[PDB]
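Asker: Here it is: the structure, laid out below.
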Amino acid sequence: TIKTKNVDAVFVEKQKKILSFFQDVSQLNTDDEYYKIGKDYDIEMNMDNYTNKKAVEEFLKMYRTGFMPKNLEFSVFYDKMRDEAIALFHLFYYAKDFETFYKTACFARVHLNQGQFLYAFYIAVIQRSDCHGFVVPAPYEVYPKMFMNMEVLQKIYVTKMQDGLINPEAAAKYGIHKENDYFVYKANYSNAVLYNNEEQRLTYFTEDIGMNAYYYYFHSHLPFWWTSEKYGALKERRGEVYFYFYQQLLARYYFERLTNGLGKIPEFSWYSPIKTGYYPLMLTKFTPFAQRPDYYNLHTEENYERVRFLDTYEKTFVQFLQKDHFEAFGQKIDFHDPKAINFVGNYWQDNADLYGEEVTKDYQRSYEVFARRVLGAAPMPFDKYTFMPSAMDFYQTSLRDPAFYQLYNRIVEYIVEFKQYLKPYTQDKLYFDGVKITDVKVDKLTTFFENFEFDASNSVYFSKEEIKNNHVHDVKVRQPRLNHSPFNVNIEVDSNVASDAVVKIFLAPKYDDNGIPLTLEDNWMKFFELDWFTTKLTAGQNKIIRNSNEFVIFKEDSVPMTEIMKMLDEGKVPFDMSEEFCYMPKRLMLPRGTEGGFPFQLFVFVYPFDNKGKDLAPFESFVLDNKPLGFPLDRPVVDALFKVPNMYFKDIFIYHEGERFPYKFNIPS
Amino acid sequence: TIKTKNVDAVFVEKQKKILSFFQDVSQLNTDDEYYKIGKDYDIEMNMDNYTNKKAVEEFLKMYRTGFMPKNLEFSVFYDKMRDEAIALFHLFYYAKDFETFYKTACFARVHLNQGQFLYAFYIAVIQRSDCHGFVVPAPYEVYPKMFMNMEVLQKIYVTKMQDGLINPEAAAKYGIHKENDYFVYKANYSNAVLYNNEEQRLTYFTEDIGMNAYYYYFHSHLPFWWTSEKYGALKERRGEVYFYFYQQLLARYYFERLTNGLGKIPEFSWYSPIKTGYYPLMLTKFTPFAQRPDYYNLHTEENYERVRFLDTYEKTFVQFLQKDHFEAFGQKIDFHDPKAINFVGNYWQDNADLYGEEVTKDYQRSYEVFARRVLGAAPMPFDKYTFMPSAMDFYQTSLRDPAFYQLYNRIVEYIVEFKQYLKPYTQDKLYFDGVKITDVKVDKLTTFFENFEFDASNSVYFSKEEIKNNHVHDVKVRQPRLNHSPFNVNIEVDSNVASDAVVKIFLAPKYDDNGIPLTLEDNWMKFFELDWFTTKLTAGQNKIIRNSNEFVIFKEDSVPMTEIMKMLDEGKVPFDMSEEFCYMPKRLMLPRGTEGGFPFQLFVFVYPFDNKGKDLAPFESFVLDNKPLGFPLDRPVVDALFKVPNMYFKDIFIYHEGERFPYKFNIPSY
Ligand SMILES: *[C@@H]1O[C@H](CO)[C@@H](O[C@@H]2O[C@H](CO)[C@@H](O[C@@H]3O[C@H](CO[C@H]4O[C@H](CO[C@H]5O[C@H](CO)[C@@H](O)[C@H](O)[C@@H]5O)[C@@H](O)[C@H](O)[C@@H]4O)[C@@H](O)[C@H](O[C@H]4O[C@H](CO)[C@@H](O)[C@H](O)[C@@H]4O[C@H]4O[C@H](CO)[C@@H](O)[C@H](O)[C@@H]4O)[C@@H]3O)[C@H](O)[C@H]2NC(C)=O)[C@H](O)[C@H]1NC(C)=O
Ligand SMILES: *[C@@H]1O[C@H](CO)[C@@H](O[C@@H]2O[C@H](CO)[C@@H](O[C@@H]3O[C@H](CO[C@H]4O[C@H](CO[C@H]5O[C@H](CO)[C@@H](O)[C@H](O)[C@@H]5O)[C@@H](O)[C@H](O)[C@@H]4O)[C@@H](O)[C@H](O[C@H]4O[C@H](CO)[C@@H](O)[C@H](O)[C@@H]4O)[C@@H]3O)[C@H](O)[C@H]2NC(C)=O)[C@H](O)[C@H]1NC(C)=O
Ligand SMILES: *[C@@H]1O[C@H](CO)[C@@H](O[C@@H]2O[C@H](CO)[C@@H](O[C@@H]3O[C@H](CO[C@@H]4O[C@H](CO)[C@@H](O)[C@H](O)[C@@H]4O)[C@@H](O)[C@H](O[C@H]4O[C@H](CO)[C@@H](O)[C@H](O)[C@@H]4O)[C@@H]3O)[C@H](O)[C@H]2NC(C)=O)[C@H](O)[C@H]1NC(C)=O
């Protein structure tokens with residue numbers, strides 16, 4: 001009941017070497033051969049084993065100067081740390097073949113900082129062509145400390161320090177149980193100990209382990225600091241991809257807001273206090289994460305120069321808008337051209353493609369970075385390697401901070417400003433000659449919470465003894481997560497001539513906060529894409545059934561590594577972990593319903609699938625179409641020029657079943 | 001089924017006379033009896049027909065000076081207008097008998113400002129002993145401009161200016177119909193044209209006409225400026241009525257917040273911006289009301305001296321709290337004494353009883369007055385009779401403004417700080433020997449919206465012909481209003497020995513915003529009294545059935561004045577308008593539910609009714625007990641010390657049926 005895939009001899013060996021690097025991540029097994037290789041591995045001597053002579057040499061210059069020390073906390077948002085990560089990445093990426101790649105990782109495991117290494121290695125496995133189709137573990141199994149509050153962490157430490165339970169019945173009262181040879185820890189979301197404002201209503205979504213894993217994967221698939229030359233025709237669509245990822249996410253987030261009675265993400269000002277604080281319960285081996293109190297003055301002394309930069313970055317965009325056509329960064333740009341999204345997105349991201357370069361440079365200040373830093377409310381870094389981490393210093397923690405959504409909402413709104421320059425689609429562009437959707441029905445939509453466990457053993461240090469006996473996997477975290485029942489969408493379509501067609505499904509809200517029905521005019525960016533697929537219509541009447549379990553845009557829960565070691569002994573590999581790893585998890589498709597049925601709408605659009613003109617398959621198997629991302633809702637709409645027979649809006653209601661509140665799953669006795 | 005009451009021809013005559021002063025309020029019928037008496041009436045010559053000679057002369061002195069001109073807006077919140085209102089009230093109240101009273105109203109309607117007159121007259125009818133049992137129209141029938149936005153108002157005006165509909169079918173699409181000889185106007189709540197913040201979710205409550213008229217009723221029953229000498233032993237409990245009135249109302253408001261997903265009423269500072277604004281869509285005669293933008297700085301140039309006053313008022317109270325026992329206002333007060341609540345409430349309302357005087361004075365500056373003026377964001381009055389009205393200048397519009405609830409929550413919070421000094425009740429105080437509640441059961445609790453019409457004719461000006469011909473009642477306003485289904489509360493009590501008993505029923509929330517069950521300790525002031533009554537227990541097993549419809553804390557909807565004239569020809573008067581006018585309306589009892597059923601809980605309490613030592617019937621039969629208002633939840637609680645077998649906590653859910661959004665009742669069909 002987990003989507004499998006079969007696998008040969010050479011594959012399993014490599015995959016085992018790859019997975020070796022994600023276990024006991026913060027320690028070293030002296031007896032493991034990865035260590036014997038690693039200790040003595042000579043990079044200079046091996047120079048002929050890399051595609052890029054200057055990458056080896058650049059790495060070597062940095063490595064003698066000195067890399068970040070071990071145990072210190074790694075973040076890519078800081079110059080020196082990132083530069084070392086990139087130098088390391090290149091070395092992984094330009095290794096002639098697997099053997100060389102493997103050995104280089106061995107050395108790097110042994111000699112360099114843990115976070116820096118996993119960061120670079122993870123990315124490398126995703127980017128190397130010979131590695132395509134291999135599997136990596138879930139971010140939460142690799143970095144467990146970042147996916148869980150203190151309370152849990154500390155129970156784990158205590159149990160480990162005691163080598164078990166002094167009182168099993170007392171431990172039980174704290175949600176700690178022995179299940180055969182596992183220690184299982186129940187975990188509440190933070191609102192169960194902290195309700196310091198209404199945003200805490202959303203913790204089952206913002207603290208969700210999958211959602212946060214999802215953002216991490218997105219970063220890794222194409223990090224901002226690197227070109228996208230490797231992905232070919234997506235290079236000319238990179239900005240579009242950046243807008244759409246964020247647009248989709250904020251729609252999804254917004255949906256969660258609506259169902260907990262919260263409305264719009266609030267606007268903010270670099271020159272004013274920001275309302276909602278963030279009080280993180282994460283610990284770092286060396287420090288606590290930094291808090292932002294409520295009404296925090298973003299314009300305090302330490303931030304003056306920072307705010308001057310950020311304000312100018314924005315103002316420079318506002319200038320672009322005002323002048324329509326202009327030259328910036330070596331490019332004549334026209335805001336009338338829909339292709340300009342590429343520039344717009346690239347600018348807001350300060351990625352390598354903005355400059356037409358392979359890697360970004362220190363003097364090219366990113367807006368995202370400094371915005372993250374200021375809103376993170378940290379004191380000034382002590383030095384190049386010693387900073388006070390906030391949620392927004394890591395891709396694995398960002399979604400936890402309401403301020404993150406404020407920051408990307410603002411960015412998305414500026415891109416929407418650019419999108420106002422595009423002419424709206426006319427009838428002719430949308431009309432599907434002789435095709436009409438006559439009905440849509442939907443099975444009941446119910447959400448519900450359900451326990452989920454993940455391997456949390458990397459959070460813990462084992463003894464020399466335990467590392468040798470390989471007893472390194474006995475810590476699991478149990479947590480209630482959002483889920484929903486599978487559902488069919490029944491679509492009835494009429495057409496004169498048989499034809500190849502594209503079907504698209506979107507989710508959007510039905511009402512604003514006041515209970516007025518949504519116009520497309522104001523609300524086209526609040527539509528969330530559920531699925532696209534192709535069918536063949538016949539003359540007459542058509543019945544199209546599509547199940548939620550088969551929506552192209554979502555993945556299944558990933559499998560724990562231990563379960564993957566099991567499968568590799570059988571020649572099996574978890575399919576969704578191989579090629580669908582960076583999709584949103586299925587269980588989070590729907591926002592949490594209400595007991596009464598919260599009102600939403602399904603938008604179904606059917607259009608002709610002409611041929612395979614402009615065709616994305618290098619980055620994402622997403623857009624085998626000539627069409628903008630989120631077509632037909634990638635620009636302003638006029639309600640009356642828009643609605644055509646091959647469109648259907650269906651009113652639907654999202655229900656919720658069982659326990660309403662995650663914490664009711666975590667009570668003892 | 002409108003609960004009736006029979007009456008004699010002498011009553012009928014007097015009642016007609018009282019009603020006449022509420023028709024065509026802003027105009028004068030030269031042809032009517034009231035005008036003939038009025039024009040010519042000589043007060044000085046009739047000195048001997050007043051109980052109090054000094055009041056007649058106090059009034060004559062002011063009236064020679066000049067009173068507020070006609071047509072300006074009247075508010076009791078300004079010194080000079082208040083003083084005129086009161087000198088007038090005194091004239092009404094000290095009239096020897098009804099004849100003199102009547103003739104005096106005639107004079108006052110002819111010569112004085114309409115608002116000032118209606119104000120004084122309304123209170124007079126309530127306060128005068130020989131008028132006890134008589135009936136007054138609902139405040140929305142008398143001040144209809146105060147219970148409606150300007151959209152409806154302008155349609156009413158346009159129709160009147162045209163003397164009909166130029167296009168019935170086009171009028172239909174604006175929600176205007178002739179029905180009989182009436183023009184009927186559908187009206188939405190303001191959120192239908194205005195969603196300037198989350199607080200607009202609560203419009204069907206805060207704008208509700210009964211809810212608003214109810215506040216007006218509370219004030220008229222016992223205004224701050226006047227003594228409560230006339231209400232017997234109420235005098236010793238005035239501050240208690242003050243607190244409880246607001247505590248209850250704020251609990252009820254809070255429920256509406258909860259069921260609309262909004263949580264707690266926010267705290268503010270006279271030195272900081274206040275976040276949520278108020279954009280009123282009401283009109284008066286020669287101005288709109290004042291707007292308060294979001295983030296309005298309470299501490300601007302114009303408010304400096306006001307805030308210094310307001311700030312000192314509060315801190316003086318804080319000083320009381322720190323001192324425990326003090327001498328103030330010529331009274332020795334001890335905050336450990338539960339009776340101190342009288343002083344505490346009197347202090348916050350700054351009422352006549354704080355000083356032991358008949359009537360408050362200009363030099364006794366009121367807190368509520370100055371807070372209202374500050375948060376209303378109006379500019380300085382032009383002069384003693386010309387101000388810019390805000391919702392908070394009137395009892396009939398205050399509930400409309402978010403700031404209103406913030407202000408009274410602040411006061412109520414301060415009174416709650418005083419209640420911290422009170423010893424929590426022990427087991428022995430609450431335990432009813434040999435008595436146990438074994439089950440509580442409740443029919444389905446379900447709200448719905450439902451069309452209600454009222455007479456808005458006082459909003460219009462009529463011609464010479466129409467006034468002469470009594471064609472002066474043709475404007476109706478129809479509006480969806482909250483209601484709920486009737487329901488039964490089934491209570492099974494066990495007692496060894498037969499005994500007379502009191503049963504109380506409260507409503508409370510189940511959870512906070514995080515969905516933790518609310519504990520009694522923090523939330524004993526979040527409880528809303530639904531009913532109290534007595535039964536006779538017998539040895540063994542008891543079953544008490546109480547319909548919501550028999551809950552004594554609430555009244556039925558007022559009848560229009562039009563149906564009262566018809567009734568008075570049958571010798572009948574509407575009972576709930578006579579004896580129960582100042583109770584909360586029944587149909588707003590429950591907060592608007594949810595389709596899935598929002599969680600609350602009932603608290604049911606049963607205790608001994610061995611005699612009737614101290615009981616109130618001068619104000620009205622509310623507290624037939626020497627028990628505090630809101631007993632056993634009138635002081636703070638310790639969960640373990642509290643739970644007793646004659647209490648029962650039952651979980652309930654409040655549903656909503658049919659349309660959830662009122663505007664869906666107001667769409668024209670095509
Ligand atoms: C545009 O703006 C301007 C500026 O604001 C507006 O101007 C205002 O207009 C008002 C009229 O609407 C006016 O008020 C009236 O003034 C009358 C005259 O006031 C003087 O005299 C009186 C008393 O008279 C005696 O005085 C001397 C001194 O002893 C003697 O020697 C004389 O012989 C007299 O015996 C003084 O008291 C004043 O100080 C002035 O000097 C007022 O008398 C009149 O008062 C009446 O109205 C009051 C309320 O309506 C009422 O309380 C009072 O008892 C009076 O009642 C009489 O009048 C009513 C109708 O008003 C009538 O039906 C009764 O039968 C009764 O006889 C007014 O108060 C303002 O003075 C003026 N403001 C200024 C600054 O000049 C202007 O209206 C506006 N225009 C438009 C189109 O909007
Ligand atoms: C309490 O607080 C203090 C203050 O912050 C902490 O003190 C710091 O501790 C760290 C140790 O954790 C020290 O770093 C070490 O410094 C050593 C020497 O530093 C200098 O010399 C390096 C070596 O070169 C020398 O060569 C010749 C000798 O023949 C001389 O001519 C010359 O002067 C040089 O000194 C230089 O390269 C360097 O620039 C320094 O100026 C280092 O030997 C040592 O390096 C090792 O460790 C690295 C770990 O990342 C690794 O990269 C290297 O490969 C190498 O093996 C090490 O870094 C800081 O010097 C010290 N700071 C200060 C200001 O004194 C203290 O740790 C803390 N205590 C606790 C308990 O928390
Ligand atoms: C109280 O508040 C409610 C909530 O706003 C008000 O409800 C609105 O009333 C208005 C105007 O009276 C309603 O507008 C009419 O909708 C008609 C039909 O439904 C539409 O179908 C169309 C046409 O294709 C769709 O495109 C729309 O989206 C609608 O669903 C429509 O027939 C009608 O058209 C008329 O006006 C246009 C002007 O451009 C002309 O072209 C045409 O000839 C015709 O005269 C109206 O637009 C509106 O729907 C109601 N609001 C909601 C949310 O439903 C109440 O009116 C208020 N009640 C009072 C007394 O004020």
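We label chains A, B, ... in the order they appear in the structure tokens, count residues from 1 in each chain, and number ligands from 1 in the order shown.
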Show me which residues are within 10 Å of ligand 1 counting only C-alpha atoms and all ligand atoms, and format the list as a VMD selection string.
Answerer: chain B and resid 62 to 71 111 to 113
Asker: Compute the set of protein, DNA and RNA residues whose minimum atom distance to ligand 2 is at most 6 Å, using only C-alpha atoms and all ligand atoms, and state it as a ChimeraX atom specification.
Answerer: /A:66-69
Asker: Can you work out which residues are within 10 Å of ligand 3, considering only C-alpha atoms and all ligand atoms, and then hand them over as a ChimeraX atom specification?
Answerer: /A:511,514-519,639-640,643 /B:151-152,155,170-176,185-193,477-479,661-670
Asker: Take the residues from that selection and write them out as a compact mmCIF listing (two decimals), in the first residue's frame, keeping N, CA and C atoms.
Answerer:
```
# COMPACT_ATOMS: atom_id res chain seq x y z
N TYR A 511 -16.43 32.81 -0.38
CA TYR A 511 -16.74 34.15 0.14
C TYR A 511 -15.54 34.88 0.67
N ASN A 514 -16.76 39.01 4.74
CA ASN A 514 -18.07 39.61 4.93
C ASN A 514 -19.19 38.76 4.36
N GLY A 515 -18.82 37.75 3.59
CA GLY A 515 -19.78 36.79 3.11
C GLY A 515 -20.37 37.17 1.78
N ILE A 516 -19.64 38.01 1.04
CA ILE A 516 -19.93 38.30 -0.37
C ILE A 516 -19.18 37.28 -1.24
N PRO A 517 -19.87 36.74 -2.25
CA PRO A 517 -19.26 35.81 -3.21
C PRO A 517 -18.05 36.42 -3.91
N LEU A 518 -17.01 35.63 -4.16
CA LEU A 518 -15.79 36.12 -4.82
C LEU A 518 -16.00 36.48 -6.29
N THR A 519 -15.61 37.69 -6.68
CA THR A 519 -15.38 38.00 -8.09
C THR A 519 -13.98 37.50 -8.45
N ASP A 639 -14.60 39.35 -15.35
CA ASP A 639 -15.60 38.28 -15.15
C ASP A 639 -16.42 37.97 -16.42
N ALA A 640 -16.85 39.00 -17.12
CA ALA A 640 -17.72 38.79 -18.26
C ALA A 640 -16.99 38.43 -19.57
N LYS A 643 -15.78 33.91 -18.52
CA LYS A 643 -16.59 32.71 -18.40
C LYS A 643 -17.03 32.21 -19.76
N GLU B 151 -28.71 55.02 3.89
CA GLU B 151 -29.27 54.48 2.68
C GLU B 151 -30.81 54.38 2.77
N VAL B 152 -31.30 53.62 3.75
CA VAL B 152 -32.74 53.47 3.96
C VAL B 152 -33.38 54.81 4.19
N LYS B 155 -33.90 56.66 0.87
CA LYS B 155 -34.99 56.11 0.11
C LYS B 155 -36.31 56.61 0.68
N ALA B 170 -38.83 49.57 -10.49
CA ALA B 170 -37.49 50.02 -10.16
C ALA B 170 -37.35 50.18 -8.64
N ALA B 171 -38.42 50.61 -7.96
CA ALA B 171 -38.40 50.74 -6.52
C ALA B 171 -38.24 49.37 -5.89
N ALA B 172 -38.93 48.36 -6.45
CA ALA B 172 -38.80 46.96 -6.01
C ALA B 172 -37.34 46.49 -5.91
N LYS B 173 -36.54 46.79 -6.95
CA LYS B 173 -35.12 46.42 -6.99
C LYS B 173 -34.26 47.18 -5.93
N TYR B 174 -34.81 48.25 -5.34
CA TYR B 174 -34.18 48.94 -4.20
C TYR B 174 -34.79 48.50 -2.87
N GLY B 175 -35.69 47.52 -2.93
CA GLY B 175 -36.31 46.95 -1.73
C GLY B 175 -37.46 47.77 -1.17
N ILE B 176 -38.16 48.48 -2.06
CA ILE B 176 -39.24 49.35 -1.68
C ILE B 176 -40.52 48.85 -2.29
N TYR B 185 -39.75 49.27 3.48
CA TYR B 185 -38.36 49.37 3.09
C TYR B 185 -37.50 48.33 3.75
N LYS B 186 -36.94 47.46 2.92
CA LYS B 186 -35.95 46.50 3.39
C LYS B 186 -34.65 47.22 3.70
N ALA B 187 -33.99 46.80 4.77
CA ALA B 187 -32.71 47.37 5.22
C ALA B 187 -31.69 46.27 5.57
N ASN B 188 -30.44 46.47 5.15
CA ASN B 188 -29.31 45.65 5.57
C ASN B 188 -28.59 46.27 6.78
N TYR B 189 -27.74 45.47 7.39
CA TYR B 189 -26.84 45.95 8.41
C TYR B 189 -25.68 46.61 7.67
N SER B 190 -24.84 47.37 8.35
CA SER B 190 -23.89 48.21 7.62
C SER B 190 -22.82 47.40 6.90
N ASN B 191 -22.60 46.14 7.30
CA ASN B 191 -21.51 45.40 6.66
C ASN B 191 -21.78 45.12 5.18
N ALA B 192 -23.04 45.25 4.77
CA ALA B 192 -23.44 45.11 3.38
C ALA B 192 -22.88 46.23 2.43
N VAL B 193 -22.36 47.32 2.98
CA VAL B 193 -21.72 48.35 2.17
C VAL B 193 -20.35 48.71 2.76
N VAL B 477 -40.07 49.80 8.08
CA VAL B 477 -38.70 49.34 7.80
C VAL B 477 -38.64 47.87 8.19
N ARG B 478 -38.20 47.02 7.26
CA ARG B 478 -38.18 45.58 7.49
C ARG B 478 -36.74 45.18 7.52
N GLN B 479 -36.39 44.26 8.41
CA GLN B 479 -34.98 43.97 8.68
C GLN B 479 -34.87 42.58 9.29
N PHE B 661 -26.43 34.53 6.64
CA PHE B 661 -26.10 35.94 6.43
C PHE B 661 -27.36 36.80 6.21
N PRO B 662 -27.59 37.79 7.09
CA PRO B 662 -28.83 38.55 6.96
C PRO B 662 -29.09 39.16 5.59
N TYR B 663 -28.09 39.68 4.91
CA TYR B 663 -28.34 40.31 3.64
C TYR B 663 -29.03 39.37 2.65
N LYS B 664 -28.89 38.05 2.84
CA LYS B 664 -29.55 37.10 1.94
C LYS B 664 -31.05 37.18 2.07
N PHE B 665 -31.56 37.84 3.12
CA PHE B 665 -33.00 38.09 3.23
C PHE B 665 -33.40 39.32 2.43
N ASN B 666 -32.45 40.11 1.95
CA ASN B 666 -32.79 41.39 1.37
C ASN B 666 -32.57 41.57 -0.13
N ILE B 667 -32.37 40.45 -0.82
CA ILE B 667 -32.14 40.42 -2.26
C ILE B 667 -33.50 40.51 -2.95
N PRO B 668 -33.63 41.38 -3.97
CA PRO B 668 -34.90 41.40 -4.72
C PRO B 668 -34.94 40.20 -5.62
N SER B 669 -36.11 39.62 -5.81
CA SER B 669 -36.18 38.50 -6.73
C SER B 669 -36.52 38.97 -8.14
N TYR B 670 -35.98 38.26 -9.11
CA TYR B 670 -35.88 38.73 -10.48
C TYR B 670 -36.71 37.89 -11.43
```
Asker: Based on the backbone DSSP call, show me all residues of stretch 399-629 of chain A assigned alpha helix (DSSP H), as a PyMOL selection string.
Answerer: chain A and resi 402-419+427-430+464-468+520-523+561-568+575-578
Asker: Within 9 Å of chain B, which residues of chain A are there when counting only C-alpha atoms? Please give them as a list in words.
Answerer: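 Contact residues on the first chain: residues 191, 192, 195, 198, 200, 201, 260, 261, 262, 263, 513, 514, 515, 516, 594, 595, 596, 597, 660 and 661 of chain A.
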Asker: Return the single residue from A:312, A:304, A:474, A:277 that is closest to residue A:462, with distances computed using only C-alpha atoms.
Answerer: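 Residue with the minimum atom-to-atom distance to residue A:462: A:474.
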Asker: May I have the residues within 8 Å of residue B:278 as a PyMOL selection string, using only C-alpha atoms and disregarding those fewer than 6 positions away in the same chain?
Answerer: chain B and resi 291-294+401-402
Asker: What's the 10 Å shell around residue B:258, counting only C-alpha atoms, without same-chain residues fewer than 5 positions away, as a PDB file with N, CA and C atoms, in the first residue's frame?
Answerer:
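The result, stored in out-v6.pdb:
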```pdb
ATOM      1  N   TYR B 253     -22.136  39.820  24.813  1.00  0.00           N
ATOM      2  CA  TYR B 253     -21.394  40.319  23.673  1.00  0.00           C
ATOM      3  C   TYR B 253     -20.271  39.332  23.354  1.00  0.00           C
ATOM      4  N   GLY B 263     -12.431  35.938  19.520  1.00  0.00           N
ATOM      5  CA  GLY B 263     -11.820  36.079  20.854  1.00  0.00           C
ATOM      6  C   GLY B 263     -12.032  37.389  21.634  1.00  0.00           C
ATOM      7  N   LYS B 264     -11.022  37.773  22.428  1.00  0.00           N
ATOM      8  CA  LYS B 264     -11.219  38.702  23.568  1.00  0.00           C
ATOM      9  C   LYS B 264     -11.231  40.164  23.184  1.00  0.00           C
ATOM     10  N   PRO B 509     -19.281  29.932  28.082  1.00  0.00           N
ATOM     11  CA  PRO B 509     -18.481  29.319  27.002  1.00  0.00           C
ATOM     12  C   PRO B 509     -17.914  27.978  27.459  1.00  0.00           C
ATOM     13  N   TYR B 511     -14.825  26.602  25.910  1.00  0.00           N
ATOM     14  CA  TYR B 511     -13.389  26.712  25.696  1.00  0.00           C
ATOM     15  C   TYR B 511     -12.979  28.140  25.425  1.00  0.00           C
ATOM     16  N   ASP B 512     -11.701  28.436  25.676  1.00  0.00           N
ATOM     17  CA  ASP B 512     -11.077  29.624  25.101  1.00  0.00           C
ATOM     18  C   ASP B 512     -10.777  29.407  23.613  1.00  0.00           C
ATOM     19  N   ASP B 513      -9.953  30.298  23.068  1.00  0.00           N
ATOM     20  CA  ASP B 513      -9.660  30.293  21.638  1.00  0.00           C
ATOM     21  C   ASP B 513      -8.763  29.115  21.215  1.00  0.00           C
ATOM     22  N   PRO B 591     -26.589  33.393  21.455  1.00  0.00           N
ATOM     23  CA  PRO B 591     -25.720  33.970  20.409  1.00  0.00           C
ATOM     24  C   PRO B 591     -25.969  33.229  19.100  1.00  0.00           C
ATOM     25  N   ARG B 592     -25.700  33.847  17.947  1.00  0.00           N
ATOM     26  CA  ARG B 592     -25.873  33.139  16.689  1.00  0.00           C
ATOM     27  C   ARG B 592     -25.024  31.856  16.655  1.00  0.00           C
ATOM     28  N   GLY B 593     -25.682  30.723  16.456  1.00  0.00           N
ATOM     29  CA  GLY B 593     -25.000  29.437  16.435  1.00  0.00           C
ATOM     30  C   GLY B 593     -24.216  29.194  15.164  1.00  0.00           C
ATOM     31  N   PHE B 598     -21.951  25.248  17.755  1.00  0.00           N
ATOM     32  CA  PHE B 598     -20.902  25.815  18.605  1.00  0.00           C
ATOM     33  C   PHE B 598     -21.066  25.415  20.085  1.00  0.00           C
ATOM     34  N   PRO B 599     -19.959  25.017  20.752  1.00  0.00           N
ATOM     35  CA  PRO B 599     -20.040  24.515  22.127  1.00  0.00           C
ATOM     36  C   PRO B 599     -20.124  25.586  23.221  1.00  0.00           C
TER      37      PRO B 599
END
```
